[PDB]
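Following: one structure in structure tokens, then a few remarks.
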Amino acid sequence: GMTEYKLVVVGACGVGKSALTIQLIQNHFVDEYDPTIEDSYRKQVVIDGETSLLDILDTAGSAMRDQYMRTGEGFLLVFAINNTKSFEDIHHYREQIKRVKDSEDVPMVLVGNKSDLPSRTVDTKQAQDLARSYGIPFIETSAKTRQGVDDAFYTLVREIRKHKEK
Ligand SMILES: *CCC(=O)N1C[C@H](C)N(c2nc(=O)n3c4nc(c(Cl)cc24)-c2c(F)ccc(F)c2OCCOc2ccnc(C(C)C)c2-3)C[C@H]1C
Ligand SMILES: Nc1nc2c(ncn2[C@@H]2O[C@H](COP(=O)(O)OP(=O)(O)O)[C@@H](O)[C@H]2O)c(=O)[nH]1
Ligand SMILES: [Mg+2]
């Protein structure tokens with residue numbers, strides 16, 4: 001087979017995990033996607049002259065979750081820039097990933113979503129300071145304008161390649 005990448009999208013309720021995933025896959029913005037629907041999605045992509053399948057768990061609400069945490073190769077830590085609590089929660093999501101990998105050394109990208117909204121309560125400097133503390137990239141996205149969406153997923157792929165031979 002071609003190269004596959006197993007990605008897991010995590011973060012608090014309502015930050016835009018499903019909307020970011022739908023935008024990557026369907027190039028459209030969903031206003032209301034059932035918050036309860038946990039599913040995996042696939043997408044063939046070319047990234048730096050390599051054809052690959054992305055296998056993406058969009059977390060919601062489990063032997064599948066268990067298996068994706070055990071075998072997932074990289075994580076998007078998603079918060080919304082107009083949701084301070086969601087940003088504060090990132091710590092707890094990173095800690096759950098570290099438990100499961102028994103490791104500090106896990107490919108991750110910090111994603112600040114809803115960049116299109118004016119009610120921004122998490123500044124870029126807070127986000128950049130947290131990503132720096134974690135040793136990981138920070139990418140601002142809007143699932144609505146699609147800004148940063150490819151960037152976030154491609155950067156995670158590249159972080160996986162930096163960590164391991166594919
Ligand atoms: C709209 C509802 C919604 O999207 N969410 C977000 C998320 C799916 N969620 C949730 N809740 C929760 O209490 N914790 C989660 N932990 C994980 C995920 Cl995928 C989702 C949630 C999780 C990891 F991110 C990584 C490894 C892992 F094992 C894991 O699950 C552990 C069990 O859940 C725990 C355990 C400890 N803390 C937390 C929170 C981070 C505080 C979770 C449901 C809902 C809010
Ligand atoms: N304006 C705006 N709204 C968004 C964005 N991303 C998600 N939303 C909205 O925020 C709500 C929660 O999004 P959803 O993707 O379901 O959150 P999830 O619980 O993380 O999957 C929905 O009503 C989305 O339309 C964004 O980038 N911009
Ligand atoms: Mg969702």
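Labeling convention for the structure tokens: chains A, B, ... as they appear, residues from 1 per chain, ligands from 1 in order of appearance.
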
Problem - Who sits within 9 Å of range 108-125 of chain A, only C-alpha atoms, same chain under 6 positions skipped, as a VMD selection string - result: chain A and resid 15 to 17 20 73 to 84 87 90 94 131 136 to 145 147 to 148 152 to 153 155 to 156 159 to 160

Handout entry: Nearby residues, ligand 3, 9 Å, only C-alpha atoms and all ligand atoms, as a ChimeraX atom specification
Key = /A:13-19,21,32-38,58-61

Handout entry: One-decimal distance in Å that lies between CA of residue 7 in chain A and CA of residue 47 in chain A
Key =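 CA of residue 7 in chain A lies at a distance of 14.8 Å from CA of residue 47 in chain A.
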
Exercise for the section: Write out as a list in words the residues lying within 9 Å of residue 2 in chain A, counting only C-alpha atoms and excluding same-chain residues fewer than 5 positions away. Expected result: residues 50, 51, 52 and 53 of chain A

Practice task
Apply DSSP to the backbone of this structure and, from range 79-128 of chain A, keep only the residues in alpha helix (DSSP H); write these as a list in words.
Solution key: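 Everything in range 79-128 of chain A that counts as alpha helix (DSSP H) is residues 84, 85, 86, 87, 88, 90, 91, 92, 93, 94, 95, 96, 97, 98, 99, 100, 101, 124, 125, 126, 127 and 128 of chain A.
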
Problem - Exercise: residue 72 in chain A partners within 12 Å, only C-alpha atoms, chain neighbours under 5 positions left out, as a VMD selection string - result: chain A and resid 4 to 10 40 54 to 58 64 to 67 97 100 to 101 106 to 108 156 to 157 160

Could you write out that same residue set with C-alpha atoms as a JSON list (two decimals), in the first residue's frame?
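Everything below was put into result09.json:
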```json
[["chain", "number", "residue", "atom", "x", "y", "z"],
["A", 4, "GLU", "CA", -0.79, 5.96, 5.64],
["A", 5, "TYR", "CA", -0.85, 8.40, 8.59],
["A", 6, "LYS", "CA", -3.09, 7.77, 11.60],
["A", 7, "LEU", "CA", -4.23, 11.13, 13.00],
["A", 8, "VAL", "CA", -6.41, 11.86, 16.03],
["A", 9, "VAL", "CA", -8.28, 15.15, 16.49],
["A", 10, "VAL", "CA", -8.83, 16.05, 20.16],
["A", 40, "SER", "CA", -12.90, 7.85, 11.41],
["A", 54, "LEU", "CA", -4.79, 9.99, 6.08],
["A", 55, "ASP", "CA", -6.84, 7.95, 8.59],
["A", 56, "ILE", "CA", -8.37, 10.58, 10.95],
["A", 57, "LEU", "CA", -10.35, 9.92, 14.13],
["A", 58, "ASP", "CA", -12.65, 12.89, 14.83],
["A", 64, "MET", "CA", -11.97, 2.08, 18.62],
["A", 65, "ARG", "CA", -10.96, 5.17, 20.63],
["A", 66, "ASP", "CA", -8.76, 2.87, 22.71],
["A", 67, "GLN", "CA", -7.15, 1.47, 19.54],
["A", 97, "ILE", "CA", -2.13, 11.50, 25.16],
["A", 100, "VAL", "CA", -1.48, 6.41, 26.64],
["A", 101, "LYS", "CA", 1.85, 6.77, 24.83],
["A", 106, "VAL", "CA", 4.48, 12.31, 20.53],
["A", 107, "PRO", "CA", 3.83, 14.19, 17.30],
["A", 108, "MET", "CA", 1.31, 16.98, 18.03],
["A", 156, "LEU", "CA", 1.10, 17.17, 11.68],
["A", 157, "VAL", "CA", 2.10, 14.78, 8.90],
["A", 160, "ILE", "CA", 5.12, 12.41, 12.27]]
```

Problem - Of the listed residues A:91, A:69, A:146, A:26, that which approaches ligand 2 most closely, counting only C-alpha atoms and all ligand atoms - result: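 Comparing A:91, A:69, A:146, A:26 against ligand 2, the winner is A:146.
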
Practice task
Please report, as a list in words, each residue of range 1-49 of chain A to which DSSP assigns strand (DSSP E) when run on this structure's backbone.
Solution key: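 Reading the DSSP output for range 1-49 of chain A, strand (DSSP E) covers residues 3, 4, 5, 6, 7, 8, 9, 10, 11, 39, 40, 41, 42, 43, 44, 45, 46 and 47 of chain A.
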
Now that the selection is made, can you save its residues with C-alpha atoms as a compact mmCIF listing (two decimals), in the first residue's frame?
```txt
# COMPACT_ATOMS: atom_id res chain seq x y z
CA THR A 3 1.95 5.53 2.97
CA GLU A 4 -0.79 5.96 5.64
CA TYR A 5 -0.85 8.40 8.59
CA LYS A 6 -3.09 7.77 11.60
CA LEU A 7 -4.23 11.13 13.00
CA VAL A 8 -6.41 11.86 16.03
CA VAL A 9 -8.28 15.15 16.49
CA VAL A 10 -8.83 16.05 20.16
CA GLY A 11 -10.03 19.00 22.21
CA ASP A 39 -16.02 8.48 13.38
CA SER A 40 -12.90 7.85 11.41
CA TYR A 41 -12.39 9.43 7.97
CA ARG A 42 -9.91 8.86 5.15
CA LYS A 43 -8.32 11.12 2.56
CA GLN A 44 -5.76 10.45 -0.13
CA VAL A 45 -3.39 13.42 -0.26
CA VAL A 46 -0.09 14.34 -1.85
CA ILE A 47 2.28 16.02 0.63
```

Handout entry: Point-to-point distance from atom 36 (C, counted along the ligand's line) of ligand 1 to CA of residue 133 in chain A, Å rounded to tenths
Key = 21.0 Å

Problem - Distance in Å - CA of residue 95 in chain A versus atom 2 (C, counted along the ligand's line) of ligand 1 - result: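 Straight-line distance from CA of residue 95 in chain A to atom 2 (C, counted along the ligand's line) of ligand 1 works out to 17.9 Å.
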
Exercise for the section: Return the single residue from A:89, A:132, A:149, A:49 that is closest to ligand 2, with distances computed using only C-alpha atoms and all ligand atoms. Expected result: A:149

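Across A:127, A:25, A:63, A:30, the tightest approach to ligand 1 is made by A:63 when counting only C-alpha atoms and all ligand atoms.
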